[PDB]
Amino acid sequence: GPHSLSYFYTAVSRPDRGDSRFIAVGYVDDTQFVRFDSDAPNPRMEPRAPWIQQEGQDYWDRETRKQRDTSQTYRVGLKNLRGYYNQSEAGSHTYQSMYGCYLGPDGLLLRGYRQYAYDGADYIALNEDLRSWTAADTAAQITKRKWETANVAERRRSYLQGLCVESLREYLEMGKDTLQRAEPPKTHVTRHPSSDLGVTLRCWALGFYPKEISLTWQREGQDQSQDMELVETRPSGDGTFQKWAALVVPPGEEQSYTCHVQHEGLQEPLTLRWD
């Protein structure tokens, strides 16, 4: 329901090359709008949505500076993390951070977050109150004390309540013709052979935005998600999304099943069945 601005950072160690790679991407809701890649020659923050291109040179210059500095600290940090976990230099390891703000209906911060992971495991996270940290193990406790001594939480809280929300608001207006116009799914049902005593009915939702959607199968109003195949919502490639839900039903019994679609761009729930 509420809009969000989020950034996703990935740093990976490369032992063979004796260096690391840092990749940052930025999103408004389900729409990517910037990237940074330390591996790119002369790396800069680059536009990845058309509406962000109207930002001036000061924006691209200053965003690029931020990422270059962040890239270096995440590279050095990979070295620390290997020492914390008694790891050799032979293996590759992965450090991630994500952070963002959700826009409340009053224009205030609904919820902000800042979290970190190492080799796919929660490492440290800013608590809901935006004033303290939770560390996952004895290694993360080293980081927590460093950040407490340096008062890092106050800066993260200031960013999340302030610049994050005001940036979100500026971006939503700049790209309002796409970011604030919900595209409803194009829906249909198909039938396919399955096995003895059973044909498959597949309910398609195609070309919708934003990503959140509800696809359910009902047999006389009763939810069938137990025997249902529900695929992960997937990108269309043009900024919209797709999803389907499929169910095996008895032959001749097709018309006793209904597919129900809920989407923000529909404004009224839909029912449909096999034709």
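When you see a residue number, it is the position in the sequence shown, counting from 1.
- Two stretches are in play, 109-117 and 86-94, and the higher mean C-alpha B-factor belongs to 86-94.
- The question of which stretch, 26-34 or 43-51, has the higher mean Cα B factor is settled in favour of 43-51.
- Out of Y209, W217, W244, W60, it is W217 whose C-alpha atom has the highest B-factor in the PDB entry.
- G56: CA B factor in the middle third of modelled residues in this chain (values from the PDB entry).
- Split the chain's modelled residues into thirds by C-alpha temperature factor. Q224 is in the highest one.
- For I142, the recorded CA temperature factor ranks within the middle third of the chain's modelled residues.
- Ranked by Cα temperature factor within the chain, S158 sits in the middle third according to the deposited record.
- Ranked by Cα temperature factor within the chain, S20 sits in the middle third according to the deposited record.
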